[PDB]
Every structure is written in C-alpha cells, then in structure tokens.
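Quick one: the structure is below, questions incoming.
First chain written, first letter: the chains are A, B, C, D, E, F, G and H, and each begins at residue 1.
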Amino acid sequence: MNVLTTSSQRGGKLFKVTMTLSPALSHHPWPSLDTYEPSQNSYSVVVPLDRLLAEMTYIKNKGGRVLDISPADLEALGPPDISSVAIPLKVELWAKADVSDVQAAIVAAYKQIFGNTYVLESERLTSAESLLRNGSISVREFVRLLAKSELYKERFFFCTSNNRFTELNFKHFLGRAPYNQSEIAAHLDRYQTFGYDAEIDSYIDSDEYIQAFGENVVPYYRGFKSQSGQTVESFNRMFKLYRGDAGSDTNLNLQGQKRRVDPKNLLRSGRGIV
Amino acid sequence: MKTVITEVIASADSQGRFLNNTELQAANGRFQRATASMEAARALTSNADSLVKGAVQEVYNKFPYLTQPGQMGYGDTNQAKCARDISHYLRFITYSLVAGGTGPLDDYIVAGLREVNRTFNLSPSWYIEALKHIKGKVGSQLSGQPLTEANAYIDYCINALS
Amino acid sequence: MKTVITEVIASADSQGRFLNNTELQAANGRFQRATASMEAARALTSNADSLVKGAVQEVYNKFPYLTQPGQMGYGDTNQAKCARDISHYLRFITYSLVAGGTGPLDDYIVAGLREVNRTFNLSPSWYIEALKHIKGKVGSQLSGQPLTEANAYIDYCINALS
Amino acid sequence: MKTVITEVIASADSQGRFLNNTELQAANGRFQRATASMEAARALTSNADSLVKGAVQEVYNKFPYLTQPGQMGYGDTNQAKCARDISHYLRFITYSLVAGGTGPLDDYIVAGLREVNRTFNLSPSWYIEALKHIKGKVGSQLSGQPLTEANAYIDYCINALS
Amino acid sequence: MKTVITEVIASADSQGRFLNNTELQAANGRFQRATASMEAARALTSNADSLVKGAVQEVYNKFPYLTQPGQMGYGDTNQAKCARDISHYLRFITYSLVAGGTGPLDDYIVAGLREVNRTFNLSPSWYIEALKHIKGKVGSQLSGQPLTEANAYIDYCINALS
Amino acid sequence: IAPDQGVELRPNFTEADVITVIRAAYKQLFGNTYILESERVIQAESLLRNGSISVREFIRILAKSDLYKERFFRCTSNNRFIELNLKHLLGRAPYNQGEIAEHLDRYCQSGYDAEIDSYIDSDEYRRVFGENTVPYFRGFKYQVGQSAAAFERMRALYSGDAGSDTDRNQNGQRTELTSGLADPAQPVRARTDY
Amino acid sequence: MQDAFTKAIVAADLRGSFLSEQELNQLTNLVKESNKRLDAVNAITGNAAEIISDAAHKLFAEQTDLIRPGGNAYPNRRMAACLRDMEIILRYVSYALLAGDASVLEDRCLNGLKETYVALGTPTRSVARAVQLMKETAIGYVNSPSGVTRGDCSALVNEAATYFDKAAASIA
Amino acid sequence: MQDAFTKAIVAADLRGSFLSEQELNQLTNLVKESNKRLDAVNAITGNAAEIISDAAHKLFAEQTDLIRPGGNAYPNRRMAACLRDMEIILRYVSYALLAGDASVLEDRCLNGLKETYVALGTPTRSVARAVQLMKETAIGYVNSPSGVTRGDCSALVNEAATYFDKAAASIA
C-alpha cells in the first residue's frame, strides 16, 4: 500500500490515497476491543480510477478521514534532482563593476530571493536597482530592499500563515531549512511585537547570514550540504522545501500558499519552552 | 478491455509467466481474423447514418403507440436521444469488431445497462428491435466472415438485453 | 491440460459466461495452426529413434567423464534410463505440438522436475544439452512454421530446466 | 422471513446474547401495530376479487395495445395469468401486513423478480400500474393507520419494480 | 534470525504471553550449550584459511574436468569466487554455532540458494563435496560436543543442498 | 488444532517471521498439497517482505492466482468451491444452504474475482483476523451466533492435517457438506473412524 | 480439463507411445471440420437467451404444477433458480461442443447434480425434460442460421445431442 | 488493460466518433506486421532465462560492490530477489510487445517501482543498468533467431527498445 510501483493494469490512472483509520477498517483478530496497528495510523493505498469513488465513500463512512489524493504517476518520479544546487555558483558584486556585472547580480538576486516565481517587467524594483548600480548600496540591501517590498509581502506573506512565511524566509534569505521548532516560535513572537519590518531584519542582520554571504554575495543555496549547529533532519526538510529546478515558491497554486514542512516533523528535532 | 490479446496476457500475468506457444497461437487467431472484422467495421461505419435512421423508425413502426403524445417516442428530444442511443450501439459494435473482442461493448454498454434502463423507464424491447432491424439490413451490406462477425456482435447485444 | 481450447473455456467458466467472439477467435488460431504443428509432430515422431540416440550420445560427448566407471553415464541401466528420459521429452514435445499448448509438458515433465532431479542427482545441464542437440538436427527435418513450432517447444523445455 | 420478531432475535443470536430491553421494546412496536395492520389485511382480503379485476383491467386501459392480437394481453391464458399474478401480489401484501414485516414480499416476490420478468418479457410498468390502481381504490376501503400500512406495502412493491 | 532465544520469544509473543518456565528452560539449553558451540566456532575460525583451501582443491580433485579450459574451475576469477563461496559457508557455520541456531544459515545462504545456483550454473555437488571434505578434517580439530555441533551445522548445509 | 495458534506478523520483522507467515498462509490456502518452487507467487512474497502489502492483501493475491483457480475452481463443482473458500479464507464451514446460494448468485453475477473479494472484505474477516493475522481453522469453537451443526460440518471438511483438498479419489471433488444442507437429514462423514 | 486432443494424448501416454497414425488422422479430421464447429458453438451462444426462454415457456406449458404453490418453480426465487440452472447446463454443453469432449460437462456440472436435486426436492424428471427442450431448440439453431455457408452439420448436431442426452440421462 | 487497438478505440470514443480512416489503416498495418511481432515476442520467451542470466553475469561484472557484504545483491536471498525482478521486468516488456502498447508495463510494473526501491535501499541506477543489459541481449535475439524468414524487424526492435527504455527511465 505504501510506496508504489507501476500505474495501471487494464489501464487506469492509479491514485494513491491516504487516510486515518478507525478500527472499523482493519483491526486485529484479538479477544478485546478493536484496535488498528499503531503504525498504520495513516495509511495509504493505491487504487485505479474506477474503484476510486467507491473506496472513498467507504472510507469516509466507516469513520476514516481522507488526508490526500494524488496521482500515482506524479509520485513515482522520485525526489528532486539536486545537482544544480548541491554546490551552487556564487554570484558576487565587485567594487567598480563593468555594468553588466551588475546585470548578473540583479537577475540572480531575483531568482533566489523570490524563489523562482516570475517577476514580470512591470513588477521589477527599478529605483532600487538604480541604487545598486551607482554603488550607493551593496548586494545586501537589495536582499534587504526586496524583502520589505510589496511584491515580496504580497506573494509570500499576506496570503499564508506565519509558519509558512518564516519557513520561506529561511529558504530565501538563508538558503537553509528551519532547524527547530524554537526557530519558528522565536520568530512568530517577534513579528507579533515589533512588526513585519523588524522581523525581516532579523534574518539579514544575523550572524549566520553574515558569515556565509558577507555583504556582496547574493544569498545562495546551502542546505544540501552539511552546516554548523544544524540538526540532522534539516537535510530532509530541504527536499521538502525545494522541489526541483522547475519548482518555485508560487502563491498561485490551486490550494494556496501552504506549509511544506509538517509541524510534526519539526518537533522531532527537539522541544523545549519559549 | 477484453480482446484476445489482453485476455492471453492477463492469463500469463496471473500465473507469473511468459507468453508461451498456447498464448501466441491464440493471438494469431485474432490477427488472422482482423480482415473480416475490419471489413464489417468499414461497412457498418459508412452506412451508420442510415442504419441508425432505419432502426429508430422501426422502433416506432413496431411500437406505434410510442409516437403518440404523452409517450416516450414523442417530441424532438426523445426521438433525438433515441437515434443517439442506437448510434452508440453501432459505434461500440464497430469498436468490438476492430478490437478483436467484446471489451468495448462490455465496458461501455453492458456494465450498468439494466440499472440505467430501469431508472429511466427504457424498455429493452425497443433496443432489441432496433438491433434485429440492423441485423436484417446488414444481411446485404456484407457476406461471408464479415457478416458472421457483424452478426456475432449484434446478437451479443441482443443477449445482453434479454 | 493447457491448450488454447481449455484456456478460453476456463476463462469463460470462471466468469459464468458463454463463449463469445473473443474466445472463438482464439480457438481459430489453434485450429489454423494445427497443420504446421502436426507436420512437426509427424517428423519428430518417425525420427524419434535416432533423435534420441543422437542426443544421448551428445550428453556423453559433451560430458566425457560421465561414461567412466563409478559415474552416472556408465553401465547398461544408466545409459538405458537416459535414452528413456530423452524419449519422454520428445514424446511430450510431440504431444504439446498436437495438443495446441504446453499442457502435456507442464503436467507430465515440468510439474515436479527440479525436486525429482535434485533427489536423484540428475543435472539439468545434460538435459539442456540433449535438447540443444535435438534442436540442431530438427533444423534440417523441418522448415517454416513447423520448425518454429518444434523450436517453441524445445526451447520451452530448456527454459523449464534453467 | 423478515419480521420485527425475527429481526431482533437474529441480532441477539448473532452476538450470542439474550434478548434485552432494546429488543423487547422493538417487539412491542410490532404487537402494538398489529391492530391497524390486520384491519388493512381483512379489508384487502375480502375485496381481493374486485381489487384484482380492477387492476387487471387498468393494465389494459393504460396499455390499450396489450389487448390486440399477437400481444401479451390477448387470449384467455395471458389475461388469466395476469389476474393470477396481481392476486399473488395482493396475497403477499396481506401476508406482509399480518406478519409485521416485508419478509413474505422479500422471499416470495422480490427475490428473483427481475430475472423472471426479463426472461418472460413481462414489463414492470404493467405491475406498477396495477399497484397504483390498487392504491387508488384502497383509499376508500381504509383510513388512518390501516391505510398507512396498506400504502407502506403497496409502495414497497412499486419500489421493488423500479 | 532463528535462535533458541528468538524462537521462544516469538512463540510467547504470538500468544500474547509472558515468558514462562517452559520458555526459560528452553533458553537454559542454549546457554548451557554455548561452551561446546563456541569451542567449535574458535577452531573453525582460526583454521578457516586452510579449511577453505582444502575444500576448494577437493572440488577440483573430485571433479578433475572443472580445471580444464572452457570450464568453471578455470582462470583466476572462478577459482577466486569459489574460495570466497566456501569461505561464506564456513563463516555462516561459525555464526550459527555462536548464535545458537540455524538462523544465519537460513537467512544468508539457504533462502534463495537454488534459484541463484540454477541461474549461475553452479552445481550443488561441488558445494556438498567441499563440505564433506571440511567435515573430514574437522574430525581431528575437535571432539565431543564441539564436534557434534560442528557436524550438526555442516550436515545442515549438505541437506539444504540436496 | 483444538485452538490452532493463529500467526500474527508484526512490523520491523527481520525475515524468519515473514518466512513463517508465508509458510502458514500457503498451508492454510492450499492445505497439505505440495507447491513447486516455480509455482510460488514470488512477486507477492517480495511485496510482503517489503511490508508494501498486509497479510490480508497477500492472501487476496494468492486466492486470485491462476494456481488457486486451477486447483480449486477448474477441478471442482461451484458448491464445493464455495465450501472450500469458506474453509481456506474464513476457517469455517457454511452455516445454511442460503449462504451457499448467496455466494453462488454473487459468483454468477460478478464473476470469480468479486466472489474472492466478498470473503476478504467481509466484516467477519476483519473482526476475526484483522489485516496482520493469517487465517486459521475456527469451526472447532462455538462462537456467539454460530450453528451447532457448524462443528460437525467443519470436521467433515477438515480431514485432519494429512488431508488433501485436491484428492481426485471418489469423494474429494464431491460436495461433502451440500448433500446434507438442503434439509433436516444429517451429520458429516468422518471418513468414519472417529 | 480435456478436449478431444488432450483425450488422445492421455490414451497414448498410457501406452507409453507417440500418437498412432490412427489417432493422428482422427484429430486431423477434427481440424478439418473446425469451422463448422465454431459456427455450431456460435449458434448456441448467439441464441442462448431465447433457447432458455423457449425451453422454459414450453416446460411450464407442459407441467403447470411447477408454477402452482407447492411447485418447484414457484415463487419468483425458485423460478429464477430454475432459469439459472437451464443457463448453466446450456453453458457447459456449449463448452463441450467447442472442446469435442464431454469431460468439462461431466466434471463441472453433471457430477453430483442428481443428488443435489434430490436433496432439494427438485423433480429431476422435470429438469431432464427442460434439458430435452433446450436440445430441440439449440439444434434447431445449429441447423438453420444467418448466412452460413451451406453444407452438412449432422455429425456436429449428433455430437451436440449426445451432450444434451448425457446431461438428461445423468439427471433424470 | 490496453493494446494498440483498444488505445485507438478509447481516443475515438473521447471524440464521440467511429474510428477515423486515419486510425483504421494504422491498425491495418499492425495486423500486416503481426507475424513478425509474434516472432519478436517468441524470441524473448524462448531465451528468457539466458537473457536474465547474461544480463546478470554482466551487471555484477561491472558492479562488484553489489555482491560484497553491504551490497544489495548479497546474500543469496537478495540475489534471488534481484534475479526475480529482472524476470518480472522482462516479462512485462514482452507483454507490451505482444500488445503494441506500454500500458501493462507502466500500470502493473514500472511507473512507480522507483519509490519501492528507494525505501528498499535498492540502488536504482544499478537496476536501470540491469534493464539496459537485458535490452541489448533481448534485441540481439529478436534480430538473429532460428530459421525465421528473412526481412526487416527494425521497427519492432525500436518499439521493444522503447519499452526497455521506459522501464529504465522510470526506475533510475
């Protein structure tokens, strides 16, 4: 039932389903009380298209809750290829650029900071780019200037929860997944009492940020490689965070901007207080 | 979808087994038979228009009362949905001819037939009589093994409805 | 006993169903194929004597040591039981040819083969080499679809033994 | 045979359990209800003759063509077997009334209905129309809870036939 | 992995039951037996090198033809993979000795043995003869209950291969 | 058998337990009949070894296999096939001739694979074996709601451990239970030295 | 399961022999008549429903006791069982006819059938008659079909009859 | 399950149409080449064991890590599983080749499969390679067989290759 092979038999579109079952579907044949196996708390099964409506109806009745439906063939092509991003190409900005040096930087900051969503030409931050070109500001400010912009506020903040925002923030600004439940919490409390702007500053003035990017380096991916004071399970979070080269942050998804890192998963790396 | 090819493959798979001489002999039957089948298919295909109008009318001529007001052979929509339905049957007959088995008929018309007809107050008798008529006329469009094939599938539908 | 005829009947029965055009097309394959099959059968039948002596010897020529004392190709009884065994294989090959399927081979030689050979210290390699030789000589007794049939079944035995 | 009494007993037995207050409360319903049921039963019983002739005729009046030659409402034997069949339905309705459940209807008319009607070319529409008519007339033989009971079972047959 | 300890625990678990005097008596057997087992293990462990070279050679001395060109006892790679394979067997024998059961043999050599040997054209006879030889020499490295243990497991492999 | 001990297979199982569950499932579904290594459903055993299917779904794959169709369906009368499916999948004998009739009507309407699914998706299968227990013979106990004749009928179907359900000799393909069921008349043949 | 070839093979094997030139040509003839055989099986399949229906109408025309209360084809449940058995037997007769051997009929259908009916109280003589009527109509169809090439099918009509007659004899 | 005809039919039906004269003749051509197709499927069946064996010998020749302890084709149990999977994939490729459509391969075998191997710690790149070797040898046999009539089988050899290549791509 778990992770599948193959698709169809006569022909179908296999969908794999996931639920949470009562002892009504599955119980042991024991002398007392009806219980399902504790590890099949959420169970998944792959069903071809016709049997599918009948299965969902049954599951819902006898008590289960469907958690997901997704085609099997989507889910057979693995996990993302990460070769482009295991070790990236660094893009920095020199004192006295040749101009198109500066052209390189802007295109990359865009891609990285905005998480590969398209920024259309009406959309670009032109006055701010003027500033970088004249020196005036360094490659750090545009990383900070873009983040406080409406375009950044609008595709990533306004329409999703704070859990999601912060998780995106780590990916964009720091290039790495969020290590602890404390990190999520520490941030949510800051936004709540100092506002959005103070909270944005907190990733860009951090010691972690400063070491790796310094001030003239565009933030680049770095979570597919071992880092310091990183729990070990933050390397699996990175797969959940980045979905491949053609994937992007996208707020235009049918289901909306949502999570990607399970809250249960974060707790595995440690729980304390505050 | 049931064809000679899918059937032998299904039988091999279910015994965890490569196709053997038994199964390939079977397949040769289906391939040897394609010529007659496909001749029937082409004749039924180009005459479709008139085969359908012929059978539709025959349903009213055999059940005169259907065409009176308050009845189910009256008004543009009933008579339209009828032509369509016989056309569906002829369509799947040609598909079954081309496919080398009853699969298309089994999957798209037989599975569920009675439940649908019973909910919608559609008498099988009409459909049998549509098909009996189509069978009469196909007697002079084809002959030999193409006719036998056409007949095989028309009769298959009539038995599905009895 | 697996033949095209028994297979289609089995498949009908198990769905509680009359034989339909799918199943009769299949049967026609088996009947159309009988001529080539039965020519192979007649040629293998009359050459049996020499095909067997040819293959028996080839087992000793390929495994010279078998014919030394203390070995399993020595003495009248081993060499007698060998000829017999290859003769059993050719016999069931002709039966499979005539029957229109692997049934006779499946039921009388394949089911149980390894257990028996393992208890009696009989190496499949001998039997494969007997059959490889029989396959070499049957190249000039037959041709066309009779040869393909003979080959189909000889190869089927060789795969059963690997 | 499904009655309130048999149902509660079945449910107890299948849990290996004595009848408890849940099951005895249920039984009281069936016993409290007997008076209305049995009044319906007596009225349907003595009017049977005419209820049957009324419904038989109504099948011909609603399907005029049935009574023409070559048709299934023609000749003594068809018209005889029709009266009989409606009489069977009314009989089982009275039984279901008296029994306290649909059992008699389920076991003697519903189980198998469609297969039989389909083999014999009997349209449910006739039978629904026989029953719709019987329902019209039973409006003035009964009232109150006896009528509700009569209705319950007549309607049960009409749904069985749709 | 089958040991006396895992077996009794498995049997308790499957009846939802604490270990009782039956199961603890069993465990004492396995623990009382460890001394003889582990003496066999140490002797087989330090002689491994020569036990393997002795058995490898004996396979060629008993099947002389293996060492001729075109054969499977010829060239560095065949002869290398052979030593390795006998070494695998002795290794799992020592493991089974130390573990208190056939588990290591069952899981790492027996499960799948025949399929592998059959695909790769490896005759069990060689391996039996390797083991028969190892059994001959282990007669003078051990005695008493350590020898009985060594024997138990060598014989277990020989039966797995017949 | 008194109460035969039913084999439960639990998660994070090494193999020896999986090999024992596979042997138990084969002994239950095919009786004491020899199965060749070439006749084993290696794909289904591999899916069970990988934990990708439950013991219930492994039994569904074995019961739908062409080998189970050749031994129990092609060689036997429909009523004896139903008697044997109740024995192999549910560990019990039929309670009433109406139960044999409901399975026979489902077989005639929906075909073979739907009859097999009807035993395995039954609330009775889930209540007694769940997803992880191999089916075991149960008709030697009285259960709440069980007919007393179910014990005698289970004993007639269960010729002891040495019994072959495929025996072509004069009684093994005949309906041992159906002769009795239709009515008031009998008990089960005990092969009769017991 | 046997067919006519498989039967030959089993008898040959019991001698320890390759098929006799006798047996070979008997089987060559079966292949010779196989198109006719396919039409004959097709005649039954293509009219199965009517064959059962017409047999049925006539069975109850003759034996009006079966459809009275007390009768074995009353009420609807029993009539459906009787109609179902008519189909089952016609089915296995058609299988035997494709096979050229009665074994599937005898082994999967006729074996134990009489004793089943007696246990049930089903009047076997009436069942035998229903089989005789199916035979009449089935053969009718084998002999007079849609645009089949004209020739002689009497050998096949006989053989079909013996399958109907086996069933009747076995049941009565 | 689909075959090449069934596929045509499904696409036609989605238009609400009788098959196009376009589609008709594409299928007439498949019938035209069907004897060659039968030989091609027969080439694989007749050498299945050697195709798997030879692929295998060569896979472990290249990747000697799989047969060391720690390796995914060690000990005997795992090697037997690996040999079994080679057979399973070769089997569904032959089915697709008889059918003229990949669907049975994609639906019953491949498409997924990758996620199974991922959980099994089975190195998918090695499995992909074993499939590439089966392809080389299988096609070898399709192209150079016992007394088949001489002609051009390249169209069929390509199509067989795409089934091997589908499986490889799906798994790696």
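Assume a contact is a pair of C-beta atoms (placed from the backbone, for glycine too) under 8 Å apart; a residue touches a chain by one contact, two chains touch by 3 or more.
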| item | value |
| --- | --- |
| Comparison of C-F and D-F by number of C-beta pairs in contact, larger one | C-F |
| Selected pair, out of B-C or C-E, that shares over half of its residue contact pairs with B-D | C-E |
| Separation of chain A from chain C, taking each centre as the mean of its C-alpha atoms, in whole Å | 62 |
| Length of the line joining the C-alpha centres of chain C and chain E, rounded to whole Å | 38 |
| Distance between the centres, which are taken as Cα means, of chain G and chain A, whole angstrom | 69 |
| Centroid spacing, where centroids are CA-atom means, of chain A and chain B in whole angstrom | 54 |
| Residues of chain H whose C-beta touches two or more other chains | 1-2, 6, 10, 42, 45, 48-49, 53, 77, 81, 84, 104, 108, 116, 119 |
| Junction residues of chain D - those touching two or more other chains | 119 |
| Contacts with 2+ other chains: residues of chain F | 6, 8, 15, 37, 42-43, 52, 69, 74, 108 |
| Touching residues on chain A, where the partner in the complex is chain B | 10-11 |
| Residues on chain E engaged by chain F in the complex (per definition of touch) | 1-2, 6, 10, 13-15, 103, 106-107, 111, 114-115 |
| Chain D residues within the chain B interface of the complex | 64-65, 114, 118-119, 121, 123-125, 162 |
| Chain H-touching residues of chain B, taken from the complex the two chains share | 1, 3, 5-6, 8-10, 12-13, 16-20, 23-24, 27-28, 31, 34-35, 38, 41-42, 45, 48, 91, 94-95, 98-100, 103-104, 108 |
| Residue ranges of chain F touching chain B (in the complex, touch as defined) | 41-43, 64-67, 69 |
